[PDB]
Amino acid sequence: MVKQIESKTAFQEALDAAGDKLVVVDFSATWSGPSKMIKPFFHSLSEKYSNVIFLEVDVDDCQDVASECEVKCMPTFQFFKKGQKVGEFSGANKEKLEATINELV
């Protein structure tokens, strides 16, 4: 389900609990039109792929997590497998989001 992240602690704990699973993180902001547009599709992907963990990090709630992960653009999707960042892109491209999930799972 999309797990809403509200601290650096919660983010680190989620990346540890995932084990072997792909984690897809949506970095979003309330002021981005692109971030809102893709947010229902992000949520449908989490009901479609049960074996992938989907996290949401609002960059204004979690400014230390946004700065640590070096987010530049809104939205940014970063992909992690066992604590290592294994992919990243920015922009609201639905096809590329699902295509990267399939490449990486």
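Each residue number is its position in the shown sequence, starting from 1.
Per the PDB record, of the two stretches 89-97 and 15-23, 15-23 carries the greater mean B-factor over its C-alpha atoms.
Stretch comparison (6-14 versus 80-88) by mean CA B-factor in the PDB entry places 80-88 on top. Set against one another, the Cα B-factors of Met37, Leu55, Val52, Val65 in the record reach their highest point at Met37. When all modelled residues of the chain are sorted by CA temperature factor, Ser44 is found within the lowest third.
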